[PDB]
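Remarks on the structure that follows.
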Amino acid sequence: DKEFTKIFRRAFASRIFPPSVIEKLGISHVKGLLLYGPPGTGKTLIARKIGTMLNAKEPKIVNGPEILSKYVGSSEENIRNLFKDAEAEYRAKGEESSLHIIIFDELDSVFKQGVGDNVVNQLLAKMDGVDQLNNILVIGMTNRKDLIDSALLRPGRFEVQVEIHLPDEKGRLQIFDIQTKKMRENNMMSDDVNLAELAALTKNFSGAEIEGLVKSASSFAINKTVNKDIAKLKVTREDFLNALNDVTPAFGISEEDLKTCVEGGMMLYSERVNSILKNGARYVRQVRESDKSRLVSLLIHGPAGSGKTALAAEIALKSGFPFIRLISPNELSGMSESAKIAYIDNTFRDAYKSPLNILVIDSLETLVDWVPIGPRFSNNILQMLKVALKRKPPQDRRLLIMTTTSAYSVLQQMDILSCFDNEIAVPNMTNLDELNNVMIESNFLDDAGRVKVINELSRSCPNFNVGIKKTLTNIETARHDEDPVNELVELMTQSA
Amino acid sequence: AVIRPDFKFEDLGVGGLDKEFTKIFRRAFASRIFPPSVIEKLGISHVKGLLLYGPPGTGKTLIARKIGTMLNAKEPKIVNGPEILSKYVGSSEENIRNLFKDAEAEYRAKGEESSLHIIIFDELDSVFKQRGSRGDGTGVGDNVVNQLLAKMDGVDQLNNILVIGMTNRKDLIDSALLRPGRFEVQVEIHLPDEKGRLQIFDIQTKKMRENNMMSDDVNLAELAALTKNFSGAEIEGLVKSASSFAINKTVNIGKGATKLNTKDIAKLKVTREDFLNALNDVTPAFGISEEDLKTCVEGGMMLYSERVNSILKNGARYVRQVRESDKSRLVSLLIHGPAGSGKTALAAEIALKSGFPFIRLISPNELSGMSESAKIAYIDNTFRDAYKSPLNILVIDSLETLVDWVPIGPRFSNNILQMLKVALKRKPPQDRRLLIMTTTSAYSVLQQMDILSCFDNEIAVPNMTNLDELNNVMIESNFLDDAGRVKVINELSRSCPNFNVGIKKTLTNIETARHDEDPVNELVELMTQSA
Ligand SMILES: Nc1ncnc2c1ncn2[C@@H]1O[C@H](COP(=O)(O)OP(=O)(O)OP(=O)(O)O)[C@@H](O)[C@H]1O
Ligand SMILES: Nc1ncnc2c1ncn2[C@@H]1O[C@H](COP(=O)(O)OP(=O)(O)OP(=O)(O)O)[C@@H](O)[C@H]1O
Ligand SMILES: Nc1ncnc2c1ncn2[C@@H]1O[C@H](COP(=O)(O)OP(=O)(O)O)[C@@H](O)[C@H]1O
């Protein structure tokens, strides 16, 4: 609706005025409008509806690829022939000519940077200069904006750019109702099926995909019958659930990546965990509330393997903000440097389009390509990050940044520590009490073994000092060989 | 109607691809089983386009050939790709829109009662390439796509046509035809599994076994086991190649004249060794692995000491763990020790005994000669491949050499190192498991790299030192007689009791002493200098 208001208010206001005033002042009316967006947004639908809603002349619909002509010079003949009606109508009357609209589906197909050049020549010739036809509106629609010929991308031509987006939640439910009507009405639908959950499953689907899913879900019911009881042909939930495997989108999401990081779960083996969580909650409310603190930076540092990614991910999931994202070395693997810089800069720029945002950075030093014998590292990306972490967002938008590291000293060498506002230390557990909590939580052994393990450990290793991750993997591997204590204690004593 | 009442698919040649047959039947002809009234009542349209594709020689042409006779279908119209084109202007286009008249006439004639007309385009990619190729020439290579596209999308309500297009390379197809309403369903045909392999052998050897022309000795199960990566075409080639051997025993081609033993013509019979010779003749074209690991342990084991046994037991323990638990989806192990002690053979042996579906090794041998980017890409593709099968074992050989370490700079390739560092910590996709074994000889260097933190457990392989183990390996190698093996050890006991060599050097010295002078004066001499 916002685009609907913008295009109407700004572009289509000058036609409203009495023609003599326009003729006399010399105000020049906007000629070119570019609708763009991903496939399936319905650019053709909006292009059709714009003509009808403005009470304009009947649109001339022509396909982009169909412009290609067999005969030499006939493509130019067609292009010039397109304008004859509008030219003659303006000649007869002038300012009183009605609004002619021409839509060229898939403009980029033929308008790339030699039929495809002579068409551009003819269009540009008829379009500007000798002609002052303000009664013609040409609407260009393309899925790929970068392919547009640069000869047309200039002021005066396609001044106004408007974008489009896929079907959101309610609209998807409504279209689902539209397709399902015929099948639901005829009492061949089991009441067990809920349409809203099928929307909840289909997040990145376009209408054609929806039709495909409908056919496949009906199809499993088809198969159930065929290896005269046709009355019992009913479409059930299970067919819909099964048919989801066939169709596939072309989208991507990283919210899942933040949910898998905490797969191992929390254990609250110590109070300091709760203290850290409290501090994180305090900082998120602080960003939420204060209108001046528009940028907050936090460091999470500690011994390797103590467990730092999971904590930040948990805090971020607890925040409940609209926009959440993670940057990790995993995504960047295999890329060249010039690509990694651009990827990082993208991930920063896309975060400035929402009132409240949280970003998490994983294993900073690993991104920086650090190795100590040289010491060797990539300076460019380091600089990129250093600049980026001090950028204030645009007005009225707020960021919360957490980065995790394990090489505090190296960062100290780099003098980058001035970038940050506050540090949090996460020490690994050292007291056998926490081992007991972890042990009961993991239901490793009965009470007796869990009492004997502590006794055994007390007489060999008082200061325990191992990361939680190691403890978990040690428990898992000790589960199999010899569940009794005669494995486990030895293993930790080796890993002490 | 749409399938013959007398049919069960058991009789047909196609075997080993049964899931694909059910998918095609369910998604293609299912909607044309009921009376028409139901479909409109349900508001479902019919499917129009099909695509089949796979590597060369997988059986697609066999399907396309037999389906017409299979399902009581109107004789499908077969046109190979490059014949649609013609010399004269407009001839190709009219040729394309010359196929659809009969079905369309029947459609106007008889509405929805019209029977099903099937036309199959062998070799779809030949003419329907990308329609933005460019070239500034005769445009007949584009308007054909437009003609088919017009007659297939703007069909004017023709709903009784199914086109089946077969190809070997989807990528070359013009993208304009891969969209809903136009070749919606795509079916992949991949290489057969083992059971389908046996099916194919059985189908091929039917007529053979019926006419008592095969010896009872032959065992199909063994053959199916042997042919690791053979497609159906390669199997047929194997069959006839094995036959040629039996054929070439009575007729002695070239040598002598034509001597046909008319009696043995009736006793012609194939035997197992002929099949073995045939296996040696034909080779597959896919390969991947399962040979490099076997050759990596060619020298075999000797079990000269308990240490070998203990290490093997530990490896068995670990493979059991990764096989059983579902929470442990990734395990990494290091094998380190003195140079030449013998590390690679042990890991290969463990992997071979594991018997998992999926195994490969990475060695400097393969990567030789490539540019850095190529090496990065190669490793990445190998890893990405490993993330596929449910269970996976991967072996990494001589890590230091993969990273190009030389101690004078010290110079090394950082990119490869850091790529490996990130990669060895990557948990595979959901519900997949992976087991990594890496071997090295320069522990301290790795420690300086500070990359020691992504290894769950480390295994030492001390070289042998006690003269007993030397006697064991020597008796196994059969270097000399009994008295010789005794006297040499008695001499070595006092010549140099303290002893540190390894394993490889020992075998080398044994062979050299065998060649020149298997007396003491060579073997003991060299053994003494080496230690
Ligand atoms: N309070 C806690 N603090 C840290 N880890 C915890 C806590 N409670 C539970 N865990 C568990 O500790 C495990 C070990 O941490 P994790 O697997 O994230 O390794 P890590 O230390 O982040 O790795 P890295 O060495 O790269 O920093 C987590 O998988 C998580 O399930
Ligand atoms: N128990 C054993 N342990 C190791 N090798 C054995 C054993 N029994 C027999 N062998 C033989 O010893 C040889 C070991 O050589 P291998 O190539 O593994 O040495 P390596 O140390 O890996 O080589 P490099 O020094 O180049 O790294 C093989 O021929 C193997 O068959
Ligand atoms: N189930 C099968 N799978 C693969 N090939 C088979 C099978 N049964 C028989 N064959 C033999 O393999 C060949 C089929 O190859 P074909 O499909 O023509 O390869 P292409 O993929 O190049 O079309 C025929 O010679 C046929 O006799």
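Sequence positions for chain B are given in Swiss-Prot numbering; the residues included correspond to 228-758, in order.
Technique stated in the header: electron microscopy, 3.7 Å.
Heads up, the Cβ atoms here are built off N, Cα and C, so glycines get one too.
What Swiss-Prot says about this one:
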- B:281-288, B:564-571: ATP binding site (BINDING)
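Locations of recorded Swiss-Prot features on the structure.
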| residue | record | DSSP (3 states) |
| --- | --- | --- |
| B:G281 | ATP binding site | coil |
| B:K287 | ATP binding site | helix |
| B:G564 | ATP binding site | coil |
| B:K570 | ATP binding site | coil |
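Within the set of binding-site residues B:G281, B:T285, B:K287, B:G564, B:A566, B:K570, B:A566, B:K570 have a CB atom less than 6 Å from some atom of ligand 2. Each of the binding-site residues B:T285, B:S568 was scored by other CB atoms within 10 A of its CB, and the lowest score goes to B:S568. In this structure, of the binding-site residues B:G281, B:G564, B:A566, B:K570, the smallest number of CB atoms within 10 A of the CB marks B:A566. For the binding-site residues given as B:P283, B:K287, the lowest number of other CB atoms within 10 Å of the residue's CB is seen at B:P283. Taking B:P283, B:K287, B:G564 as the candidate binding-site residues, the subset whose CB lies under 6 angstroms from any atom of ligand 3 consists of B:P283, B:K287.
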